[PDB]
Every structure is written in C-alpha cells, then in structure tokens.
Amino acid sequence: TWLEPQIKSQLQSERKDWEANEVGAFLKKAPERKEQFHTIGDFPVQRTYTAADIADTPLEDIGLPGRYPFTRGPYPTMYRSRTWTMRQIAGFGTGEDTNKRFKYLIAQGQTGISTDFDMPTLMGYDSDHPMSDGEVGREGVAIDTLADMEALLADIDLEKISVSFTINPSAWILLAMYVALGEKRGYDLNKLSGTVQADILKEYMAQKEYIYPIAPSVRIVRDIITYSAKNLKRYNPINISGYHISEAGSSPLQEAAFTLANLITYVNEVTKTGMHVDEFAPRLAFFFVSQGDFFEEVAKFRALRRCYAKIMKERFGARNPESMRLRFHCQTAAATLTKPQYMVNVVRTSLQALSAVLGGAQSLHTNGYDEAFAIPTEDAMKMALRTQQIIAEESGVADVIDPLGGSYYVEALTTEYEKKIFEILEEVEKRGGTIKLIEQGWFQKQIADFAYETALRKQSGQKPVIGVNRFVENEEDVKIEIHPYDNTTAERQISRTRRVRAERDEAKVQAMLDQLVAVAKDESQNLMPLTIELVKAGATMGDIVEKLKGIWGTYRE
C-alpha cells in the first residue's frame, strides 16, 4: 500500500459528497448523454478517477521503464535515445516495383522496411499456379524465387536497415531466401536486423492464410524460432499478432488475451525441444493495433507489457530480463477509416499514432488516407510519415518516458485489462488450450460476435462513425488519386519464375525436395538449413510448398 488510508478515506468520502452536491445539481440542469459510459472495447468507465481508484495497484506494477514488469516501456531511455521505427508497408507488382517504393519511403524518412505480399505468395503458390490467376502482384509483391528477392532488396544495405516481411504460412521459405541473400552479399548473418510475421495461430483465428494443418504448421514456426535463436542474433523470428484479431472484429481485450494465448502455445512448443526460455524469449516480438479509443489503447499496451512480464517470469521461469520485456510493432486501425470524406482519416490516424507512441511502440505503420479505396499512393504514405515525424519532432511527447504513468484513469484501466486478460488466459487453459479451442472455433466465434455487435452499433448510430452515420454528405466532387495495378505484372513475373526453373540443376533440386520430406517426417529436425539450400539451388516457393502437401495435406475450416 502506497496511499495513506487516512487520505484514501478522505478521497472516497469527498467524492460521495461531490456526487450528491455538485454532480446532483448539474445533472438536474443538464443530465449526461448516457447512464453508464463505456470504452469502445466495452469496459465501463467512471465520470472521473482519483488516487483511491488505484490504491489497490502497488507502485511496483507501475515502476520504471526498462525495469520489470515493464508497464512503462521495455527500454529505460525509450524515445529520448532512439525513436520508434517509422516502418511503412510497401508491396505491389514485382520485386523491382516494391523496391522503387522502398526507396521513395526511405527518401521520405522511413527508418525501417515493411513488405506486404500478394495472395499467391501468402498462400504458398507460384505466380503461374491456377489458383494465382488475376492475383499476381495485385495486393502485395510477388515472391516465387530468391531471384525476385534480389530485385526486391536491390541497392538496400541489409546490415544498415531492418527488413520486415508480412509473410505467414510460407514465412520459412522467405526467411531461407533472406539468409541465402545475406550470404550471397557477403553480410554477417548475426548483423541482419529483420522480422517474418510467421504467427500461424492468428491465421486460423483471424488472418486466414494457411497451407497445412495446425500441428505441422506450428512445427514450422518452432523451426523458424529455434533456427533464428542459434543463427540470427539480431533477427526477430515472429511477431505474435493481435492486429488481425482486432481487424477481424475483436475487442481490445480479445486482441490482447488471444495474442497472449498464442504466445503460451509457442513457448511450450519451443521449450519442448529442450531449448531454455532465455535462449529465445528475448527475441520474441508482437504486433498490435492502435484503435480508436485513445486511452483504452494506451491502457491495453501497458497491460500487455505487464501480463507478458508476469507470464515469462512466473509461468516460464525466465531469468534474463530481456525475456520479460515485450517489444511490439504497431499499426493504426485501418477498420476505423472511411471511404466517404477520406481526408478526415488523417485526423483519425494522428490520434491512433499518438496512442501508439504514448503506448511505447518500437515500430509504427500509420495508414494512408486512401485506406478504404486501395493500396496506398506515394502521397498517402508521405502524409503517414509526416504524421509520425510531427509527433516525434514537434509535439514533445518523445522526451518524457511513459508520460501517462500515474494517471488515475490509465492506471485503473491498465489494471482492469491485466485482470480481464488473466481471467481469459485461465479459461483457455481450463477449456483445453489454444489449439483445441481453435479446432472448436471458440476464438473465432467470440471475434465474430464483437464484429456483429459493432456492425449493429454502426447501423443504429450508437457507435458514431463520422462521414458514415454522422455529418453524412452527398459529395459529388470526389477526387482521389488511386494506386493502379500494372497489367504486365503477371507476364513479367512468370518470365522470371520460368527462367529460374530452366537455368537450375533440376536433378539436384528434385533430390533436395526428397531430402526435405525426410527432414519434415522427423518432428525433431529443423526445416531451415535445407530450405536455405533449396532456394539457393533455384527452387520456387511452390516447389517446396507442394512437395510438403504430399505428406501433410492441407487445412480447411
């Protein structure tokens, strides 16, 4: 206890007085809009918060940044020493196309590379597969071969800038290509900073990018994790993600708790190999959204850091402090942005970027004002970077660590999130674990319920959406520059894939694929070394993916 009980009593007595005197008189003059107000994530909120409301939370649970339980930040110096990475997503056409956008984004002030891939690549298909028709380089960049990655990362010093890949069931193939590229370039692998999203549990739950059944797919994540721990010192093998859970329609509580449920499953799978938690936990990372409820999102980020620290220390027995410090990439909520009055998205994204900064994010993507129309233009991305640069350089928020620390409301909400998160994590365990609940569609049903209640709240006008159900305009003069699809992308991409297959040693590649099946047949062996040899030898993602479908099959809901 930090609050003197003689003062806690005074506070509680004084508020009860104020509720009947000042509050009672004003509610007569003009009542409040709602009998009970709630956050967007459905947590009930008080009219005001005092020190009495946080008296039950010990000051140790707040503490100091870069010190356990890291509520105030994973680093003790945060933005006074190093700003968050301004890392904007880029992805369309061929490697060359996205490489041009990387260069533009870097010239505009981005400090980290983020790459989004097309559907064939995300789904494990080569550009010429029948399932790929009309989808090559459309929603992101096309990667079939290591040759395409060379085009993608042309003139990019991989040892001097970090490179993120938004790749999931076929993440191991892209990581093998990255390693093969780094070797070809004569780089030190332990100097390569980067990330592959890789988190498959959230794919079954929310993003819907999967190739194989749950079990072999988790083993791949495990192989990515174990390989990176032993071979790539500065590499982040996963981003255990909440973003997609939120964007699929979840509440901030479902986002936070379901991501932590996935973390537990992963740690158990990796430690099962005999790898001690402290060999890999320091390098684990997360990915969260910065949604519309300004204070709730900050409370959620601080609660996640505290919950994560407690789980790693208490449940996993971690002894390295870095194993308990949560590091996360953040993206502003794309689901809050509108097609009508699109420039108003600049305001929405400003507030959401600020919540991420106040929340202590390590990396940030700000969405473009053109979010509800198409993949972004250069101008839209430029505006998203200026947004970050204004917060970083003009607002002053970067100079004081965890400035919201101590806030009666933020502290009470941080504590409410923590308890509600643990309560969910407990039910998941009681109900038989993550995998079983994913198989029962339990997570997905909860997400779907929130998504539907959100849709009904938008319809009734109970949830205000400016331009949609509030201040609606009949805009006839909508002028918007849209990023176009280059119709030569498929022809251009297949040409290279066909060439790579023609130029390669077919016999050696086919033999190496047969070796891969043997490595995959042994659950204890790592898939990474041979996939690195395969991509080098001229194997395509499709060659690798298809060969493994023969022993593992495919997943369907």
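In this text, residue numbers run from 1 along the sequence as written.
Enquirer: So 287-295 or 142-150, which one's hotter by mean CA B-factor in the entry?
Expert: Going by the record's values, the stretch with the higher mean is 142-150.
Enquirer: Would you determine, from the values in the PDB entry, which of 271-279 and 118-126 has the greater average C-alpha temperature factor?
Expert: Here the higher of the two C-alpha B-factor means belongs to 271-279.
Enquirer: By the CA temperature factor listed in this entry, which of these ranks top: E439, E209, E411, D402?
Expert: Highest C-alpha B-factor among the listed options: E439.
Enquirer: Using the entry's values, work out which of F328, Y187, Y79, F165 has the largest Cα B factor.
Expert: Result of the comparison over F328, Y187, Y79, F165: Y187.
Enquirer: Looking at the temperature factor on the CA atom of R348, which third of the chain's modelled residues does it land in?
Expert: Answer is lowest: the recorded C-alpha B-factor places it there.
Enquirer: For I40, does the deposited CA B-factor place it in the lowest, middle or highest third of the chain?
Expert: Ranked within chain, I40 CA B lands in the lowest tercile.
Enquirer: Which third of the chain does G433 land in by C-alpha B-factor: lowest, middle or highest?
Expert: Its C-alpha B-factor, which the entry lists for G433, ranks in the highest third among residues of this chain.
Enquirer: Thinking about Cα B factors across the chain, which third does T332 belong to?
Expert: Its C-alpha B-factor belongs to the lowest third of this chain's values.
Enquirer: Can you tell me which third, lowest, middle or highest, the CA B-factor of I156 falls into for its chain?
Expert: Highest third - that is where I156 ends up once the chain's C-alpha B-factors are sorted.
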